[PDB]
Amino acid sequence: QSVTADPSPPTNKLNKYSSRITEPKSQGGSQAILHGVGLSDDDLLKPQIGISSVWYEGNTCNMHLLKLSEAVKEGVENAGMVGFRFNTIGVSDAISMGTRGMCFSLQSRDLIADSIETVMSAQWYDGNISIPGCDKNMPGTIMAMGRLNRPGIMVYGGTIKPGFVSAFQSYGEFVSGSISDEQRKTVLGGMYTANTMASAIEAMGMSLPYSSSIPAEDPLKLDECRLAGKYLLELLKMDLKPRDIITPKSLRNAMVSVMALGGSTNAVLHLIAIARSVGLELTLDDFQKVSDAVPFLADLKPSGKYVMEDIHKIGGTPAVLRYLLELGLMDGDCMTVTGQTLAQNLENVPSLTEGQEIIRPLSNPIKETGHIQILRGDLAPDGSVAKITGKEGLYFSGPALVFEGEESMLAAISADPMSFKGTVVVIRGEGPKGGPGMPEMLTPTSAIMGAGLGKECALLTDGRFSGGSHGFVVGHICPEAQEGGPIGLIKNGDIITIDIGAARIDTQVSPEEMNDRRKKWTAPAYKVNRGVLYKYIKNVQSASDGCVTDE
């Protein structure tokens, strides 16, 4: 699809965009500012690289990205190019989890895409090198490269080596009586959104090999930063652009890595948004097809025992992708940011170390199909997402326990946990527009497990859940309750039946009484009327569409 968003270049030149301001004499004012920032007359002939970091001091996953940004600029200069560093904003989910600040989390991804797109277009930079952290910005930088279609490389900031979930669990164990206060003070990584997206983006071919597996402050991470300029100079010579690297086949390669590694359900939203940014289509059914074709082979947290550094020891992400390619699960002809295809990159990487117990064989997988399950039915007619380990059974049925927010659900389970036994808990009003921002909720699952109701109740929402309750936990239910979807018409006592085999969330209420409720339903007032969250409400699409905001 023809994506018209950003300026076009004014053929074998390496400064196709920066020559708009460095070569014409009518742009003498642009050259004077470039002379002011330190560019010589010979510098005006070189390509200009926009170096976009997501550095801020309020998160361990971003506090050291300015160091990486400085090494990237040095590598760009060593490649004979000009480096212009700029920095965008970012928020920490570990800080805001459990508060209204989570309403600002998911929208920051689209804010970051708009930020990099804005600077790259106004300053006429030729290429981009983005450095996101081990938080959840990553897809935002890829979305910006897709809009611009200028050569770019994503440098993952790296995952912090092990010493947040243990610190979040501390309050539950303290209240339950497992640990004391002192043990709680002492407590105060795996395949979550950060490691899922980094590994998927590398499998997508938009990050250099080993980028997703090298730890944060490993000396090799700085070495990767100083080499990004060399690879990007090659991409400018070939004019290998993001829309040449992000194809339906590379999109499937990223989906394969998510299913094989047990990636987060947030990858559904992010990969759909990334696919839309290059004019491609990616539906929930595409995820079910890849899920039913790729087995779970990865004994990593939260589902398993190991973390990302353990992957790094046994050969890193390229060793894992080499194994999947040898099993015929990935398309190796896809071009990458190395100037070569995926198979040419993987042909000369050390295989998984002998005797590794992280990556299971095809003979003995953790699960024969993928963890991601797309569920529809009467209550989620437009789709929903759930993480299924295969060990919880195929069915669950029970009366509905409906809550209009995460807060009222936590006050009920605290005051009467036994009234939750055998129920299908519905936390609605948490979607992209009703939240707003579609917040991620970790406390509902933890409170259910701390009450001893892990396998004795289900959990549905039009928002997002972080962890699993060893039962049935479903999110992304579309249409959301704010939009008048069936999830907004459920009443207490309604018998809800989840069928994993049929991939349906159904209600015993007849479709005629369901339509009777719909005719009487009025939309609740928006929780905000100003600010960035109100613009999100005015712009965001549904969860099944990746919550894109620019369509």
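Numbers follow the displayed sequence, beginning with 1.
key: Length class of the unmodelled deposited segment, which would lie between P10 and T11   = Gap size class: 1 to 3 residues without coordinates, per the record.
message = Missing residues between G163 and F164 in the deposited sequence, please: none, 1 to 3, 4 to 9, or 10 or more.
response = The entry has a gap there, with 4 to 9 residues left out between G163 and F164.
key: Mean C-alpha B-factor comparison - 458 to 466 and 118 to 126, higher one   = On average, C-alpha B-factors are higher across 458 to 466.
inquiry  = Quick check: 62 to 70 versus 48 to 56, which has the larger average CA B-factor in the record?
reply    = That would be 62 to 70.
query = Going by the entry, which of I374, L342, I366, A198 has the most elevated CA B factor?
reply = Spelled out: the listed residue with the top C-alpha B-factor is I366.
ask   = From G229, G83, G304, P139, can you pick the one with the highest C-alpha B factor in the entry?
value = Largest recorded C-alpha B-factor: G304.
key: B-factor third for the C-alpha atom of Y192 within its chain   = Answer is highest: the recorded C-alpha B-factor places it there.
Cα B factor band for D93 (lowest, middle or highest third within the chain) = Middle third of the chain for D93's C-alpha B-factor.
message = Using only modelled residues of the chain, where does the Cα B factor of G484 rank: lowest third, middle third or highest third?
response = Middle third.
inquiry  = Quick check for you: using the entry's CA B-factors within this chain, is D181 in the lowest, middle or highest third?
reply    = Highest third, going by the recorded CA B-factors of the chain.
key: For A254, the third of its chain into which the C-alpha B factor falls   = Ranked within chain, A254 CA B lands in the middle tercile.
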